[PDB]
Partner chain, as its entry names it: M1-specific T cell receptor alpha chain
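Here we start with a single chain on its own, the form deposited without the partner chain, put down as structure tokens.
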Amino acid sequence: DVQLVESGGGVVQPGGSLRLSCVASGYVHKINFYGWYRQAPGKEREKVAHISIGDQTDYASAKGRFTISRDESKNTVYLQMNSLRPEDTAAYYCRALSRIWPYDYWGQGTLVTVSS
């Protein structure tokens, strides 16, 4: 079911920022990977950024502009998005991969719209 609840999306002007949240319920466990992805209508899903549980961080112009982070005490993963451009308009999805069944959890999505 939807175990990762997202929020933070909205409409912003080019050059603006957004901070997306992805809150994990008490049912998600043994996660070794958190990731952010996006999918614009008519296009394929693209990888945005990820965290691998062992203390590592990577961002696939997501290289710099989109930063992933986590608050362990709140069970939440974040995506800080800076210098937004119209081409960044997409539904953004968070994901958690577990070593045990059901193995993969996806958020419901949040819409990011860059429009001047």
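Positions refer to the first chain, counted from 1.
Heads up, the form solved in complex with the partner chain isn't pictured, but that's what we're talking about next.
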Check each of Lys74, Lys43, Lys63, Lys30 and return the one that places a heavy atom within 4.5 angstroms of the partner chain in the deposited complex. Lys30
Quick one: does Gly54 come within 4.5 Å of the partner chain in the deposited complex, counting heavy atoms only? yes
For the stretch 80-99, I need every residue with any heavy atom inside 4.5 Å of the partner chain in the deposited complex, listed N to C. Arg99
